[PDB]
>>> print(open('my_file.cif').read())   # mmCIF, C-alpha atoms
data_work
#
loop_
_atom_site.label_atom_id
_atom_site.label_comp_id
_atom_site.auth_asym_id
_atom_site.auth_seq_id
_atom_site.Cartn_x
_atom_site.Cartn_y
_atom_site.Cartn_z
CA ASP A 1 157.18 97.57 95.27
CA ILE A 2 159.85 98.86 92.88
CA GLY A 3 160.66 95.25 92.07
CA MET A 4 158.69 92.69 94.07
CA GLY A 5 158.89 90.31 91.13
CA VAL A 6 162.62 89.95 91.74
CA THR A 7 162.31 88.97 95.40
CA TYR A 8 159.47 86.51 94.84
CA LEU A 9 161.64 84.85 92.19
CA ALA A 10 165.07 85.36 93.75
CA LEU A 11 164.51 85.72 97.49
CA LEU A 12 161.83 83.05 97.14
CA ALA A 13 163.48 80.70 94.63
CA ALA A 14 167.15 81.67 94.38
CA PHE A 15 167.07 81.64 98.18
CA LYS A 16 166.71 77.85 98.06
CA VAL A 17 170.45 77.16 98.04
CA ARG A 18 170.83 75.54 101.46
CA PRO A 19 168.99 72.28 100.64
CA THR A 20 170.65 72.38 97.22
CA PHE A 21 173.61 70.60 98.81
CA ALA A 22 171.69 67.57 100.09
CA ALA A 23 169.17 67.75 97.25
CA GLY A 24 171.91 67.26 94.68
CA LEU A 25 174.44 65.51 96.90
CA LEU A 26 174.02 62.55 94.55
CA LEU A 27 175.98 64.44 91.90
CA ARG A 28 179.77 64.10 91.90
#
>>> encode(input="my_file.cif", output="structure tokens")
Amino acid sequence: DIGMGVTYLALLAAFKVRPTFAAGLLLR
């Protein structure tokens, strides 16, 4: 695609923001 490398890195990695709350909930 025009930019599949952006989705596989953003929509695949950057997308992981939900669990980022519990994953780093230890930080205050």
>>> atom_distance(input="my_file.cif", atom1="atom CA of residue 2 of chain A", atom2="atom CA of residue 14 of chain A")
18.7 Å
>>> atom_distance(input="my_file.cif", atom1="atom CA of residue 28 of chain A", atom2="atom CA of residue 16 of chain A")
19.9 Å
>>> atom_distance(input="my_file.cif", atom1="atom CA of residue 21 of chain A", atom2="atom CA of residue 5 of chain A")
25.8 Å
>>> axis_aligned_box(input="my_file.cif", around="segment 10-21 of chain A", padding_each_side="8 Å", output="AutoDock Vina command-line options")
--center_x 167.7 --center_y 78.2 --center_z 97.6 --size_x 27.8 --size_y 31.1 --size_z 23.7
